[PDB]
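The chain below stands alone and is given as structure tokens, in the form deposited in one PDB entry.
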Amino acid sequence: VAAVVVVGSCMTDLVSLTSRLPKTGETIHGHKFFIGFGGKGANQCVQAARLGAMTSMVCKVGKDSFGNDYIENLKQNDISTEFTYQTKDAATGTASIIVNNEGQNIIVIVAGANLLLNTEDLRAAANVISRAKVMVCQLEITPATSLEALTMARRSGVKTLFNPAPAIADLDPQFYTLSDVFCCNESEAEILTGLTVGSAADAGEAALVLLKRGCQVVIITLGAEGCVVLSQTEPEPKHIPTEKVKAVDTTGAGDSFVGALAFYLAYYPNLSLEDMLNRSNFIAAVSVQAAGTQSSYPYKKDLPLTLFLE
């Protein structure tokens, strides 16, 4: 039985590495290009799977080469594709990513078949959703479809992990009240609250705003600074540091973090939040030490044993 069900996105990542970002009108040269398997949903599901979770990926890709390749990718990662659909009416989603090694990126998503995943497609997955431990959603599919997946999870007492990524300033208030765990990064927290986040302290203040919108637990990820967490029971923010490492490629680190979190909510439900986050930070930091997104996500066998004890 799948313990972690992800209802969300698969994208073909078209990645260019550059030393600067381009400005309007401008052509710049990068030094490398590669294709990867991406999408926040799938990335999260892949990390959870590699840690040993039994997972199911509920998603929609194209009846195109990239979509066929995506399905094979999911199978190679031991992820159930029972509810991975293909449509001839849109192409597999695409994420064009420019990664500037000398600062912030730019991403352009054409979500394609992701946006055709509908409430009828979820209904077929109703038995899987209700027998799971954790349901994970993001904002790369139609928001109404994520909302329904959260609602279905809540009705069966399944823990909801929501990642509001990429963030929308006017997010439906139900996303907060249907989230047991609400996890976003610094720039997303800014978009969602209108506040500036330049410090662990600032993140704590943004997290409290989100908490008061009805989340049970809020986590803001902070790159090399780890994360900050608070909850309804314990509303004082805690700053959990991460492993000090030399980052090669941080792309998708957040997804690694969230997939780890899903794994621990599902298989180690009695751990303190602070423990789970220490472990999830450790995992995500392993991902930043290598190139790519999914190809840098570690397997259980390569990770210290203490990450799997209780």
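Just count from 1 along the sequence shown to find any residue number. For clarity, a rigid core is taken as the largest C-alpha set superposing within 1.5 Å between two forms.
This next part talks about the form deposited in another entry, which is not shown.
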Subject >> Of 216, 100, 118, 86, the one whose Cα moves 2 Å or more between the shown form and the other one after core superposition >> reply: 100
Original post:
Is there a C-alpha shift of 2 Å or more at residue 23 between the shown form and the other one once the rigid core is superposed?
Top reply: yes
Original post:
Relative to the superposed rigid core, does the CA atom of residue 109 travel 2 Å or more between the shown form and the other one?
Top reply: yes
**OP:** Could you tell me whether the Cα atom of residue 268 shifts by at least 2 Å between the shown form and the other one after core superposition?
**Re:** no
